[PDB]
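Data block for target-v4.cif (mmCIF, C-alpha atoms and all ligand atoms):
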```cif
data_structure
#
loop_
_atom_site.label_atom_id
_atom_site.label_comp_id
_atom_site.auth_asym_id
_atom_site.auth_seq_id
_atom_site.Cartn_x
_atom_site.Cartn_y
_atom_site.Cartn_z
CA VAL A 3 0.00 0.00 0.00
CA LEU A 4 3.08 2.20 0.41
CA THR A 5 3.75 3.83 -2.98
CA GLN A 6 7.03 5.35 -4.16
CA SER A 7 8.12 7.00 -7.38
CA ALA A 8 8.58 4.06 -9.75
CA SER A 9 11.81 5.57 -11.09
CA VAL A 10 13.82 8.75 -10.65
CA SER A 11 16.93 10.19 -12.30
CA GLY A 12 19.64 12.67 -11.41
CA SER A 13 22.81 14.00 -12.98
CA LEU A 14 26.30 13.41 -11.60
CA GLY A 15 26.82 15.51 -8.47
CA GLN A 16 23.13 16.45 -8.31
CA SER A 17 20.60 15.84 -5.52
CA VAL A 18 17.86 13.34 -6.39
CA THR A 19 14.63 12.82 -4.44
CA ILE A 20 12.56 9.65 -3.99
CA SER A 21 8.94 10.03 -2.92
CA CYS A 22 7.26 7.58 -0.53
CA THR A 23 3.52 7.96 0.15
CA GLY A 24 0.71 5.64 1.12
CA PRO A 25 -2.85 5.36 2.42
CA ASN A 26 -4.42 7.27 5.29
CA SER A 27 -4.44 4.12 7.44
CA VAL A 28 -0.67 3.76 7.02
CA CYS A 29 0.26 7.45 7.11
CA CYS A 30 3.85 8.70 7.03
CA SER A 31 3.03 11.33 9.67
CA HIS A 32 1.71 8.70 12.09
CA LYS A 33 4.76 6.40 12.08
CA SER A 34 8.51 6.49 11.41
CA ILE A 35 10.15 5.83 8.05
CA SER A 36 13.42 4.05 7.23
CA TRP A 37 15.19 3.86 3.84
CA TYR A 38 17.31 1.03 2.44
CA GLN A 39 19.86 0.91 -0.42
CA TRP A 40 18.91 -2.61 -1.57
CA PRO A 41 20.68 -4.13 -4.64
CA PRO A 42 18.28 -7.08 -5.28
CA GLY A 43 20.90 -9.93 -5.17
CA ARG A 44 23.17 -8.33 -2.52
CA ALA A 45 22.40 -7.87 1.19
CA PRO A 46 20.60 -4.51 1.75
CA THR A 47 22.37 -1.66 3.58
CA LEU A 48 20.49 0.58 6.02
CA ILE A 49 20.88 4.25 5.07
CA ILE A 50 18.08 6.12 6.87
CA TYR A 51 16.06 5.24 9.97
CA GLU A 52 13.72 6.97 12.44
CA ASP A 53 13.28 9.72 9.81
CA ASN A 54 16.17 11.56 11.49
CA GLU A 55 19.98 11.44 11.48
CA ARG A 56 21.33 8.43 9.54
CA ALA A 57 22.58 4.88 9.87
CA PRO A 58 26.08 4.56 11.38
CA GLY A 59 28.82 5.07 8.80
CA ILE A 60 26.51 6.62 6.18
CA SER A 61 28.04 9.61 4.43
CA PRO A 62 26.37 13.02 5.01
CA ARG A 63 25.21 12.87 1.39
CA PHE A 64 22.04 10.95 2.27
CA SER A 65 19.22 12.98 3.80
CA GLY A 66 15.57 12.42 4.64
CA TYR A 67 12.44 14.52 4.96
CA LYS A 68 8.98 13.36 6.06
CA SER A 69 5.93 15.38 5.11
CA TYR A 70 2.56 14.61 6.67
CA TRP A 71 1.50 12.87 3.43
CA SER A 72 4.70 11.55 1.81
CA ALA A 73 8.34 10.90 2.66
CA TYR A 74 11.31 12.01 0.57
CA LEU A 75 14.84 10.59 0.40
CA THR A 76 17.46 13.00 -0.93
CA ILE A 77 20.86 11.75 -2.15
CA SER A 78 23.18 14.70 -2.71
CA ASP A 79 26.42 14.30 -4.68
CA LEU A 80 25.27 11.35 -6.76
CA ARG A 81 27.78 8.56 -7.35
CA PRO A 82 27.96 5.63 -9.79
CA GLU A 83 27.34 3.30 -6.84
CA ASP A 84 24.04 5.09 -6.12
CA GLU A 85 22.49 3.52 -9.25
CA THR A 86 20.68 0.89 -7.19
CA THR A 87 17.12 0.21 -5.95
CA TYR A 88 15.89 2.12 -2.86
CA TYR A 89 13.03 0.97 -0.60
CA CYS A 90 11.17 2.90 2.12
CA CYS A 91 9.58 1.33 5.21
CA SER A 92 6.73 2.32 7.53
CA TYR A 93 6.77 0.97 11.07
CA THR A 94 6.28 1.58 14.77
CA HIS A 95 8.28 0.30 17.74
CA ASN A 96 6.13 -2.86 17.91
CA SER A 97 4.57 -3.26 14.42
CA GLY A 98 6.57 -4.86 11.66
CA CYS A 99 8.01 -3.18 8.61
CA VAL A 100 5.86 -2.27 5.58
CA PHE A 101 8.12 -1.95 2.50
CA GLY A 102 7.22 0.22 -0.47
CA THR A 103 7.10 -0.66 -4.16
CA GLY A 104 10.70 0.44 -4.76
CA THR A 105 12.49 3.14 -6.74
CA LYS A 106 15.25 2.71 -9.32
CA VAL A 107 17.67 5.66 -9.44
CA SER A 108 19.35 6.44 -12.77
CA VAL A 109 22.42 8.64 -13.09
CA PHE B 519 19.76 -2.72 50.54
CA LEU B 520 18.43 -4.55 47.48
CA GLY B 521 18.91 -3.99 43.77
CA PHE B 522 22.67 -3.41 43.91
CA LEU B 523 24.05 -3.77 40.36
CA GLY B 524 20.52 -4.41 39.12
CA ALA B 525 21.29 -2.68 35.81
CA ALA B 526 24.75 -4.18 35.23
CA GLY B 527 25.30 -4.98 31.56
CA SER B 528 22.06 -3.25 30.51
CA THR B 529 21.81 -0.09 28.42
CA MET B 530 23.54 2.99 29.80
CA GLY B 531 20.17 4.69 30.30
CA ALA B 532 18.79 1.97 32.56
CA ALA B 533 22.00 2.18 34.59
CA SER B 534 21.82 5.99 34.73
CA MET B 535 18.28 5.79 36.13
CA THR B 536 19.31 3.86 39.28
CA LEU B 537 22.60 5.33 40.51
CA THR B 538 21.11 5.81 43.98
CA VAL B 539 21.34 2.09 44.76
CA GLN B 540 25.07 2.07 44.01
CA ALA B 541 25.47 5.35 45.91
CA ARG B 542 23.86 4.00 49.08
CA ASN B 543 25.65 0.64 48.86
CA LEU B 544 29.13 2.11 48.30
CA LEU B 545 29.52 2.82 52.04
CA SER B 546 28.16 -0.01 54.20
CA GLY B 547 27.87 0.93 57.85
CA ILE B 548 29.20 -1.52 60.40
CA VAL B 549 26.90 -4.49 60.88
CA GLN B 550 26.03 -4.05 64.55
CA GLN B 551 26.54 -6.84 67.07
CA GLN B 552 23.62 -9.27 67.01
CA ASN B 553 24.28 -9.70 70.74
CA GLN B 563 30.76 -10.87 75.21
CA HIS B 564 33.35 -11.30 72.45
CA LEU B 565 33.83 -7.64 71.57
CA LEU B 566 37.48 -8.19 72.55
CA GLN B 567 38.97 -10.49 69.91
CA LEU B 568 42.29 -11.67 68.52
CA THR B 569 44.48 -8.81 67.34
CA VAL B 570 45.48 -10.65 64.16
CA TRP B 571 41.86 -11.14 63.15
CA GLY B 572 40.71 -7.53 63.53
CA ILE B 573 43.70 -6.13 61.62
CA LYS B 574 42.30 -7.21 58.24
CA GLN B 575 38.79 -5.83 58.78
CA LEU B 576 39.98 -2.43 60.02
CA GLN B 577 42.38 -2.02 57.10
CA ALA B 578 39.56 -2.92 54.70
CA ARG B 579 37.25 -0.33 56.27
CA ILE B 580 40.00 2.30 56.07
CA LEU B 581 40.64 1.51 52.39
CA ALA B 582 36.92 1.78 51.64
CA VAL B 583 36.65 5.12 53.45
CA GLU B 584 39.76 6.38 51.66
CA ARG B 585 38.43 5.44 48.22
CA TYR B 586 35.11 7.12 49.01
CA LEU B 587 36.85 10.30 50.16
CA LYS B 588 39.08 10.29 47.07
CA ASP B 589 35.98 10.15 44.87
CA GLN B 590 34.38 12.91 46.97
CA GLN B 591 37.58 14.96 46.66
CA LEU B 592 37.40 14.67 42.88
CA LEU B 593 33.75 15.73 43.13
CA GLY B 594 34.71 18.74 45.24
CA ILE B 595 37.40 19.90 42.84
CA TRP B 596 34.93 19.40 39.97
CA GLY B 597 32.16 21.40 41.67
CA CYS B 598 29.69 18.49 41.84
CA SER B 599 29.77 17.66 45.55
CA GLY B 600 26.04 17.51 46.25
CA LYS B 601 24.88 15.87 43.01
CA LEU B 602 25.31 12.42 41.47
CA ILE B 603 24.94 13.73 37.89
CA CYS B 604 26.36 17.05 36.72
CA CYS B 605 26.97 18.56 33.28
CA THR B 606 30.27 20.30 32.57
CA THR B 607 31.62 22.93 30.19
CA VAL B 608 34.34 20.75 28.63
CA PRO B 609 33.41 19.77 24.98
CA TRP B 610 33.87 16.11 23.95
CA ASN B 611 37.00 15.81 21.75
CA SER B 612 36.31 13.38 18.89
CA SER B 613 39.77 11.84 19.51
CA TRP B 614 38.51 9.92 22.58
CA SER B 615 35.32 8.55 20.91
CA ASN B 616 33.68 8.96 17.46
CA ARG B 617 30.37 7.20 18.21
CA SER B 618 27.25 9.34 18.56
CA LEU B 619 24.68 9.60 21.35
CA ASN B 620 22.45 6.68 20.34
CA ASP B 621 25.50 4.49 19.63
CA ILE B 622 26.56 5.04 23.28
CA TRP B 623 23.63 5.38 25.69
CA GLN B 624 21.44 2.62 24.22
CA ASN B 625 23.75 0.20 22.38
CA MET B 626 26.71 -0.05 24.78
CA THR B 627 27.18 -0.70 28.49
CA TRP B 628 29.35 1.28 30.88
CA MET B 629 31.90 -1.57 31.09
CA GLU B 630 33.21 -1.56 27.49
CA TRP B 631 32.70 2.24 27.54
CA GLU B 632 35.03 2.68 30.54
CA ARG B 633 37.69 0.50 28.81
CA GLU B 634 37.36 2.63 25.63
CA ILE B 635 37.89 5.92 27.55
CA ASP B 636 40.20 4.43 30.26
CA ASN B 637 43.29 5.84 28.47
CA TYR B 638 41.64 9.28 28.17
CA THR B 639 39.90 9.22 31.60
CA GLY B 640 42.93 10.90 33.26
CA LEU B 641 43.12 13.50 30.44
CA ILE B 642 39.39 14.32 30.88
CA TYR B 643 39.85 14.52 34.70
CA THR B 644 42.59 17.18 34.38
CA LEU B 645 40.38 19.06 31.91
CA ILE B 646 37.28 18.86 34.13
CA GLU B 647 39.36 20.18 37.03
CA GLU B 648 41.29 22.94 35.22
CA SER B 649 39.43 24.22 32.15
CA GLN B 650 36.07 24.88 33.78
CA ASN B 651 36.04 25.18 37.58
CA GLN B 652 39.31 27.09 37.97
CA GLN B 653 38.13 29.63 35.39
CA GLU B 654 34.58 29.64 36.78
CA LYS B 655 35.71 30.59 40.28
CA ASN B 656 37.98 33.32 38.90
CA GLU B 657 35.18 34.75 36.75
CA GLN B 658 32.83 34.55 39.74
CA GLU B 659 35.26 36.57 41.86
CA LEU B 660 35.76 39.04 38.99
CA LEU B 661 31.97 39.20 38.49
CA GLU B 662 30.86 39.64 42.11
CA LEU B 663 33.80 41.98 42.80
CA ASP B 664 31.45 44.95 42.33
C1 LIG C 701 19.92 -6.95 27.99
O1 LIG C 701 18.73 -6.80 28.67
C2 LIG C 701 17.76 -6.08 27.90
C3 LIG C 701 16.54 -5.97 28.79
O2 LIG C 701 16.89 -5.60 30.12
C4 LIG C 701 17.47 -6.76 26.54
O3 LIG C 701 16.87 -5.82 25.65
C5 LIG C 701 15.42 -5.68 25.75
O4 LIG C 701 14.71 -6.90 25.46
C6 LIG C 701 13.29 -6.77 25.63
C7 LIG C 701 12.69 -8.13 25.35
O5 LIG C 701 12.64 -8.40 23.95
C8 LIG C 701 12.73 -5.67 24.71
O6 LIG C 701 11.35 -5.48 25.00
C9 LIG C 701 13.49 -4.36 24.89
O7 LIG C 701 13.07 -3.41 23.92
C10 LIG C 701 14.99 -4.60 24.76
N1 LIG C 701 15.72 -3.36 24.96
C11 LIG C 701 16.53 -2.84 24.03
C12 LIG C 701 17.21 -1.55 24.41
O8 LIG C 701 16.70 -3.37 22.94
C13 LIG C 701 18.74 -7.26 25.84
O9 LIG C 701 18.37 -8.24 24.87
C14 LIG C 701 19.71 -7.88 26.82
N2 LIG C 701 20.97 -8.24 26.18
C15 LIG C 701 21.94 -7.38 25.83
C16 LIG C 701 23.16 -7.99 25.21
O10 LIG C 701 21.83 -6.17 25.98
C1 LIG C 702 41.49 17.45 20.54
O1 LIG C 702 42.61 16.56 20.39
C2 LIG C 702 43.60 17.01 19.46
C3 LIG C 702 44.64 15.92 19.36
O2 LIG C 702 45.06 15.48 20.65
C4 LIG C 702 44.17 18.35 19.92
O3 LIG C 702 45.11 18.82 18.96
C5 LIG C 702 43.06 19.37 20.10
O4 LIG C 702 43.58 20.58 20.64
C6 LIG C 702 41.98 18.82 21.04
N1 LIG C 702 40.88 19.76 21.16
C7 LIG C 702 40.38 20.15 22.34
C8 LIG C 702 39.25 21.13 22.28
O5 LIG C 702 40.83 19.74 23.40
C1 LIG C 703 44.71 2.42 25.18
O1 LIG C 703 46.16 2.45 25.18
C2 LIG C 703 46.78 1.19 24.86
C3 LIG C 703 48.27 1.41 24.96
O2 LIG C 703 48.68 1.64 26.30
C4 LIG C 703 46.34 0.72 23.48
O3 LIG C 703 46.90 -0.56 23.21
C5 LIG C 703 44.82 0.65 23.41
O4 LIG C 703 44.40 0.30 22.09
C6 LIG C 703 44.21 1.99 23.80
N1 LIG C 703 42.76 1.93 23.75
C7 LIG C 703 41.98 2.97 23.46
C8 LIG C 703 40.51 2.71 23.44
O5 LIG C 703 42.45 4.08 23.22
#
```
In structure tokens, write the structure found in this file.
Ligand SMILES: *[C@@H]1O[C@H](CO)[C@@H](O[C@@H]2O[C@H](CO)[C@@H](O)[C@H](O)[C@H]2NC(C)=O)[C@H](O)[C@H]1NC(C)=O
Ligand SMILES: *[C@@H]1O[C@H](CO)[C@@H](O)[C@H](O)[C@H]1NC(C)=O
Ligand SMILES: *[C@@H]1O[C@H](CO)[C@@H](O)[C@H](O)[C@H]1NC(C)=O
Amino acid sequence: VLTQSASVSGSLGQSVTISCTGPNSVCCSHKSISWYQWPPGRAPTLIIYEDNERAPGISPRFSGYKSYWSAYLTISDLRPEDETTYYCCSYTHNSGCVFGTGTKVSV
Amino acid sequence: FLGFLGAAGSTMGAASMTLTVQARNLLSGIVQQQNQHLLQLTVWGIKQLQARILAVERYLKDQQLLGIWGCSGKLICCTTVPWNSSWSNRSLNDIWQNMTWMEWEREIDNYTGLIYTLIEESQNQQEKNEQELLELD
């Protein structure tokens, strides 16, 4: 039920943005949102969690922003490695993760 | 009484919510006589008295450090010294919720003396001077 932008593109060194919205029942404003850089075959790497700060070791290039209707993941200073699939997740402290449809970033 | 070291090995927050138990159980008053044999062998009492003196001395050393840091009456006190990233690079959540005070003490054990000198010199010795220069008029 959590819908992202199917695809998004950004030039080299630019700042791209991935949307992440869903239904009223599963609202971004109600819960917290985490983002994942997930190459499909490889093990996924946590990049954003709790809608604030970042995962440990993540460069300051990744940034997040949660509106009351949709979430946005911003990746400044785009790199060739950033051409992977990104997934958002809605959750509480006791309810499991709800992944989105996914977004493929082109550079 | 009870609950001593109840939060050992837990998150640093759970430990920093119950410092009063450790504080009251640091200094154990003499267990009074249940009931004749108050006079005892000299050799036997020598160990117990030395242990009590060492305990009292360690407590007064900690209280002396408190006094020269300006935190005599409180168990928790914030200071003016900024954290230098040299000693630790991990953030707040990586410390207070993920780690315990044990591994944390070992990580900062090398720098604990360096922080102590800073806590004693950088802030309080300037604070008292600025207080005298401020209330001088
Ligand atoms: C240490 O003890 C704590 C509990 O005192 C354990 O972590 C908690 O486990 C319960 C039970 O699943 C959860 O409801 C809490 O949310 C947990 N707390 C945290 C901060 O995660 C923990 O598993 C124990 N082990 C270690 C190594 O810390
Ligand atoms: C932090 O540590 C470095 C290296 O020891 C030192 O050069 C610097 O002055 C320190 N900064 C502070 C504020 O103590
Ligand atoms: C502390 O110093 C010793 C050397 O005396 C060193 O081997 C150790 O890695 C140091 N640990 C930290 C956390 O600085």
Please check which residues have atoms at most 12 Å from (19.6, -5.0, 54.6) in the file's coordinates, counting all atoms listed in the file, and write them as a list in words. residues 519, 520, 521, 522, 542, 543, 546, 547, 548, 549 and 550 of chain B
Show me which residues line ligand LIG 703 (chain C), defined as having an atom within 6 Å of a ligand atom where all atoms listed in the file count, and present them as a JSON list (two decimals) with C-alpha atoms, in the coordinates of the input.
```
[["chain", "number", "residue", "atom", "x", "y", "z"],
["B", 634, "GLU", "CA", 37.36, 2.63, 25.63],
["B", 635, "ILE", "CA", 37.89, 5.92, 27.55],
["B", 637, "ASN", "CA", 43.29, 5.84, 28.47]]
```
Would you list the contacts of residue 51 (chain A) as a VMD selection string, taking every protein, DNA or RNA residue within 9 Å and counting all atoms listed in the file, but skipping same-chain residues closer than 3 positions in sequence? chain A and resid 34 to 38 48 54 to 57 66 91
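Counting only C-alpha atoms and comparing B:580, B:616, B:524, B:595, the residue that lies closest to residue 536 (chain B) is B:524.
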Find the residues of chain B that sit at most 9 Å from chain A; for each, write down the nearest two atoms and how far apart they are in Å, to one decimal. Count all atoms listed in the file. Sort by chain, then by number going up, and give it as a tab-separated table.
```
residue	atom	partner	partner_atom	distance
B:617	CA	A:58	CA	8.5
B:618	CA	A:58	CA	8.7
B:621	CA	A:58	CA	8.3
```
Within 10 Å of region 526-533 of chain B using all atoms listed in the file, minus same-chain residues under 2 positions, as a CSV table (one decimal) with C-alpha atoms, keeping the file's coordinate frame:
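Result file follows (out.csv):
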```csv
chain,number,residue,atom,x,y,z
B,522,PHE,CA,22.7,-3.4,43.9
B,523,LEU,CA,24.0,-3.8,40.4
B,524,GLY,CA,20.5,-4.4,39.1
B,535,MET,CA,18.3,5.8,36.1
B,536,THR,CA,19.3,3.9,39.3
B,537,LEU,CA,22.6,5.3,40.5
B,540,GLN,CA,25.1,2.1,44.0
B,622,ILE,CA,26.6,5.0,23.3
B,623,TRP,CA,23.6,5.4,25.7
B,624,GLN,CA,21.4,2.6,24.2
B,625,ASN,CA,23.8,0.2,22.4
B,626,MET,CA,26.7,0.0,24.8
B,627,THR,CA,27.2,-0.7,28.5
B,628,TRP,CA,29.4,1.3,30.9
B,629,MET,CA,31.9,-1.6,31.1
B,630,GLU,CA,33.2,-1.6,27.5
B,631,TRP,CA,32.7,2.2,27.5
```
Contacts with ligand LIG 702 (chain C) at most 8 Å, all atoms listed in the file counted, listed as a list in words: residues 609, 610, 611, 612 and 613 of chain B
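Take the candidates A:101, A:79, A:96, A:42 and check each one against ligand LIG 701 (chain C) using all atoms listed in the file; the shortest distance goes to A:96.
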Go through B:619, B:545, B:663, B:570 one by one, measure the shortest atom-to-atom distance of each to residue 585 (chain B) using all atoms listed in the file, and give the residue with the smallest value.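 The answer is B:545, which sits nearest to residue 585 (chain B).
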Residues near residue 100 (chain A), anyone? I mean within 8 Å using all atoms listed in the file, not counting same-chain ones fewer than 6 positions away, as a ChimeraX atom specification. /A:4,91-93
Can you tell me, as a PDB file with C-alpha atoms, in the coordinates of the input, what residues are no more than 9 Å from residue 39 (chain A) when counting only C-alpha atoms, ignoring any on the same chain fewer than 6 positions away?
```pdb
ATOM      1  CA  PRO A  46      20.600  -4.510   1.750  1.00  0.00           C
ATOM      2  CA  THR A  47      22.370  -1.660   3.580  1.00  0.00           C
ATOM      3  CA  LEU A  48      20.490   0.580   6.020  1.00  0.00           C
ATOM      4  CA  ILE A  49      20.880   4.250   5.070  1.00  0.00           C
ATOM      5  CA  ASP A  84      24.040   5.090  -6.120  1.00  0.00           C
ATOM      6  CA  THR A  86      20.680   0.890  -7.190  1.00  0.00           C
ATOM      7  CA  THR A  87      17.120   0.210  -5.950  1.00  0.00           C
ATOM      8  CA  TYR A  88      15.890   2.120  -2.860  1.00  0.00           C
ATOM      9  CA  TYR A  89      13.030   0.970  -0.600  1.00  0.00           C
TER      10      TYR A  89
END
```
Could you tell me how far CA of residue 15 (chain A) lies from CA of residue 78 (chain A), in Å and to one decimal?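 According to the coordinates, CA of residue 15 (chain A) and CA of residue 78 (chain A) are separated by 6.9 Å.
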For CA of residue 16 (chain A) and CA of residue 80 (chain A), quote the distance in Å rounded to one decimal.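 CA of residue 80 (chain A) lies 5.7 Å from CA of residue 16 (chain A).
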Could you check which of B:647, B:654, B:664, B:659 is closest to residue 594 (chain B), using all atoms listed in the file? B:647
Could you list, as a list in words, every residue within 6 Å of residue 107 (chain A), counting all atoms listed in the file and ignoring same-chain residues fewer than 3 positions away?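 The filter keeps residues 10, 11 and 85 of chain A.
Going from CA of residue 598 (chain B) over to CA of residue 541 (chain B), you cover 14.4 Å.
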In terms of the shortest atom-to-atom distance over only C-alpha atoms and all ligand atoms, which of B:525, B:588, B:568, B:658 is closest to ligand LIG 701 (chain C)?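 Nearest candidate to ligand LIG 701 (chain C) out of B:525, B:588, B:568, B:658: B:525.
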Serialized region 586-605 of chain B w/ N, CA, C and O atoms as an mmCIF file, in the first residue's frame:
```
data_model
loop_
_atom_site.group_PDB
_atom_site.id
_atom_site.type_symbol
_atom_site.label_atom_id
_atom_site.label_comp_id
_atom_site.auth_asym_id
_atom_site.auth_seq_id
_atom_site.Cartn_x
_atom_site.Cartn_y
_atom_site.Cartn_z
ATOM 1 N N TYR B 586 36.277 6.248 49.039
ATOM 2 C CA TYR B 586 35.108 7.120 49.009
ATOM 3 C C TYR B 586 35.508 8.587 49.111
ATOM 4 O O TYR B 586 34.978 9.434 48.383
ATOM 5 N N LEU B 587 36.447 8.908 50.007
ATOM 6 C CA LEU B 587 36.852 10.301 50.160
ATOM 7 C C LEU B 587 37.687 10.785 48.983
ATOM 8 O O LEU B 587 37.670 11.977 48.676
ATOM 9 N N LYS B 588 38.403 9.890 48.299
ATOM 10 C CA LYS B 588 39.083 10.293 47.070
ATOM 11 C C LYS B 588 38.075 10.649 45.984
ATOM 12 O O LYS B 588 38.231 11.661 45.283
ATOM 13 N N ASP B 589 37.031 9.830 45.834
ATOM 14 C CA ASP B 589 35.981 10.155 44.875
ATOM 15 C C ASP B 589 35.284 11.462 45.242
ATOM 16 O O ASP B 589 35.010 12.297 44.370
ATOM 17 N N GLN B 590 35.010 11.668 46.533
ATOM 18 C CA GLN B 590 34.375 12.911 46.965
ATOM 19 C C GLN B 590 35.305 14.107 46.796
ATOM 20 O O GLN B 590 34.837 15.220 46.543
ATOM 21 N N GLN B 591 36.616 13.898 46.919
ATOM 22 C CA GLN B 591 37.580 14.961 46.664
ATOM 23 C C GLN B 591 37.574 15.359 45.195
ATOM 24 O O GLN B 591 37.614 16.552 44.865
ATOM 25 N N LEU B 592 37.529 14.369 44.301
ATOM 26 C CA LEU B 592 37.398 14.670 42.878
ATOM 27 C C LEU B 592 36.101 15.422 42.600
ATOM 28 O O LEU B 592 36.087 16.393 41.830
ATOM 29 N N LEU B 593 35.003 14.995 43.229
ATOM 30 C CA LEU B 593 33.746 15.734 43.126
ATOM 31 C C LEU B 593 33.920 17.184 43.564
ATOM 32 O O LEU B 593 33.487 18.112 42.871
ATOM 33 N N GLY B 594 34.556 17.392 44.717
ATOM 34 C CA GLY B 594 34.705 18.739 45.243
ATOM 35 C C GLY B 594 35.537 19.634 44.347
ATOM 36 O O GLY B 594 35.229 20.815 44.175
ATOM 37 N N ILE B 595 36.607 19.087 43.760
ATOM 38 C CA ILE B 595 37.403 19.897 42.837
ATOM 39 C C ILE B 595 36.766 20.003 41.463
ATOM 40 O O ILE B 595 37.241 20.789 40.633
ATOM 41 N N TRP B 596 35.707 19.240 41.191
ATOM 42 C CA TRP B 596 34.933 19.404 39.968
ATOM 43 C C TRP B 596 33.649 20.197 40.176
ATOM 44 O O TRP B 596 32.912 20.418 39.209
ATOM 45 N N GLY B 597 33.363 20.627 41.401
ATOM 46 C CA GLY B 597 32.159 21.397 41.672
ATOM 47 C C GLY B 597 30.865 20.621 41.536
ATOM 48 O O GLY B 597 29.856 21.178 41.084
ATOM 49 N N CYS B 598 30.869 19.347 41.921
ATOM 50 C CA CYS B 598 29.691 18.486 41.841
ATOM 51 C C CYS B 598 29.561 17.682 43.131
ATOM 52 O O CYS B 598 29.316 16.475 43.122
ATOM 53 N N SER B 599 29.723 18.360 44.270
ATOM 54 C CA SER B 599 29.774 17.660 45.551
ATOM 55 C C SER B 599 28.409 17.099 45.935
ATOM 56 O O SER B 599 28.297 15.937 46.345
ATOM 57 N N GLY B 600 27.359 17.901 45.805
ATOM 58 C CA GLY B 600 26.041 17.510 46.250
ATOM 59 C C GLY B 600 25.197 16.726 45.270
ATOM 60 O O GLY B 600 24.105 16.280 45.634
ATOM 61 N N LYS B 601 25.661 16.533 44.039
ATOM 62 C CA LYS B 601 24.882 15.866 43.007
ATOM 63 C C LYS B 601 25.583 14.595 42.547
ATOM 64 O O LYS B 601 26.811 14.485 42.604
ATOM 65 N N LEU B 602 24.782 13.632 42.085
ATOM 66 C CA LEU B 602 25.315 12.424 41.470
ATOM 67 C C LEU B 602 25.572 12.599 39.981
ATOM 68 O O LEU B 602 26.489 11.971 39.437
ATOM 69 N N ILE B 603 24.782 13.435 39.313
ATOM 70 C CA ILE B 603 24.938 13.729 37.894
ATOM 71 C C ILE B 603 25.119 15.231 37.738
ATOM 72 O O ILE B 603 24.354 16.014 38.312
ATOM 73 N N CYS B 604 26.123 15.630 36.961
ATOM 74 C CA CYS B 604 26.362 17.047 36.716
ATOM 75 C C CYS B 604 26.963 17.229 35.330
ATOM 76 O O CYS B 604 27.867 16.486 34.937
ATOM 77 N N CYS B 605 26.446 18.208 34.592
ATOM 78 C CA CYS B 605 26.975 18.557 33.284
ATOM 79 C C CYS B 605 28.106 19.566 33.433
ATOM 80 O O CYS B 605 28.119 20.384 34.356
#
```
